[PDB]
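Below is one structure; the comments refer to it alone.
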Amino acid sequence: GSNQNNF
Ligand SMILES: [Zn+2]
């Protein structure tokens with residue numbers, strides 16, 4: 001899967 005982190 002793809003992953004995204006929005007801090
Ligand atoms: Zn993955």
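Starting from 1 in every chain, residues are counted up; chains themselves are A, B, ... following the order of the structure tokens, and ligands are numbered from 1 as listed.
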Between chain A and ligand 1, at 10 Å or less, what are the per-residue closest atom pairs and their distances in Å? Count only C-alpha atoms and all ligand atoms, order by chain and rising residue number, and return it as a tab-separated table.
residue	atom	partner	partner_atom_place_in_ligand_line	distance
A:1	CA	ligand 1	1 (Zn)	3.0
A:2	CA	ligand 1	1 (Zn)	4.7
A:3	CA	ligand 1	1 (Zn)	6.8
